[PDB]
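Read through the structure below, which is laid out as structure tokens, and then see the notes.
Every read-out reported here was derived from the displayed coordinates using simple, explicitly stated rules and does not represent laboratory data. Note that we place each Cβ from the backbone using ideal geometry, even for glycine, and neighbour counts take in every protein chain shown.
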Amino acid sequence: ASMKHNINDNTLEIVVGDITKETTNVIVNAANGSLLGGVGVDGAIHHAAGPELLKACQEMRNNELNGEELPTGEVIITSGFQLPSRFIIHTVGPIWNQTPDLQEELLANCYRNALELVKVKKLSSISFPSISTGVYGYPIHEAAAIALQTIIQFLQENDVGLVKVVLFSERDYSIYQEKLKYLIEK
Ligand SMILES: Nc1ncnc2c1ncn2[C@@H]1O[C@H](COP(=O)(O)OP(=O)(O)OC[C@H]2O[C@H](O)[C@H](O)[C@@H]2O)[C@@H](O)[C@H]1O
């Protein structure tokens, strides 16, 4: 299952798939602030990338983040190592309902900051997972709306290239498909 849409010279695609098997130059990891290994998409990414990824992320923690956590909504970039994709942009989504009045803004920041980095570094293509909707508990209907709104607005105003949202389930995909149809019509 897949749906594609042109936004100026950019393309947005939603697809069912495994983000560790993508053809985009960049994939996004829904990471934790400590840049340590976890479960879910982060776990799959570390497994597929191999053990150099954790080592590189810890070097980034200690050398660029002065030994501290990556803040919610912010991004760093590493190699993809054994992944097919060449780079991983790691971001930290909000933990649902910890900070309800800021969480929509912070989730949007994950998308905007990743896309800005792709734009400025001319990285051409990028896949996102469904950030915050696993261990971090964010309802998929609300998250999908924020993700798509943020991505679409960015692609209306900026030259980026190809953006995919890669969903691990038909259910998550079907929710994205409904929202995208609504935003494309509206
Ligand atoms: N291989 C995959 N390809 C594409 N999407 C995937 C894949 N595997 C899972 N997903 C989807 O990816 C989405 C995100 O679910 P979560 O992976 O839990 O991310 P979070 O931001 O909520 O939690 C980050 C925390 O969990 C980690 O331990 C971190 O280390 C942190 O502790 C869901 O739709 C998944 O079904």
* What does the charge dipole of the chain about its Cα centre add up to, to the nearest 20 debye, if the Cβ of each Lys and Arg holds +1 and the Cβ of each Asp and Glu holds -1? -> 460 debye
* **CD proxy at 222 nm, helix term only [per DSSP H run n ≥ 4: -39500 (n - 2.57); per residue of the chain; nearest 500]** => -13000 deg cm²/dmol
* To do: On a C-alpha basis, how far is the centre of the stretch 134-186 from the centre of the stretch 56-126 in Å? Whole number, if you could?
  => 17 Å
* Average projected area of the Cα convex hull of the stretch 83-186, in nm²? -> 7.0 nm²
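How much of the DSSP beta bridge set in the chain is antiparallel, as a percent to the nearest 5?
Taking every DSSP beta bridge within the chain, about 40 percent pair in antiparallel fashion.
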* Quick one: of 4/186; 4/122; 4/181; 4/179; 21/181, which pairs are farther than 19 Å apart, Cα to Cα? => 4/122; 21/181
* **Relative contact order of the chain, pairs being alpha-carbon contacts under 8 Å that are 6 or more residues apart, as %** => 30 percent
* So how long is each side of the chain along the principal axes, counting just the alpha-carbon atoms, biggest first, in Å? -> 46, 34, 30
* Nitroxide proxy distance, nm - points 7 Å out along Cα→Cβ at residue 141 and residue 101 -> 2.5 nm
* Give, in nm to one decimal, the length gained when the segment between residue 34 and residue 5 is fully stretched (0.36 nm per residue of separation minus the Cα-Cα distance). => 6.9 nm
* Asked: Roughly what would the spin-label model give for residue 63 and residue 156, points 7 Å off Cα along C-beta, in nm?
  -> 4.0 nm
* Structure fact -> For the stretch 155-162, Karplus-derived ³J(HN,Hα) couplings (6.51, -1.76, 1.60; θ = phi - 60°; whole Hz; x for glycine and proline) come out as 5, 5, 10, 9, 8, 10, x, 9
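Using Cβ contacts closer than 10 Å as the measure, can you line up 77, 184 from fewest to most?
Starting with the residue having the fewest Cβ neighbours, the order is 184, 77.
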* Take the Cα radius of gyration of the stretch 1-76 and divide it by 2.2 N^0.38 Å, with N its residue count; two decimals is plenty. => 1.31
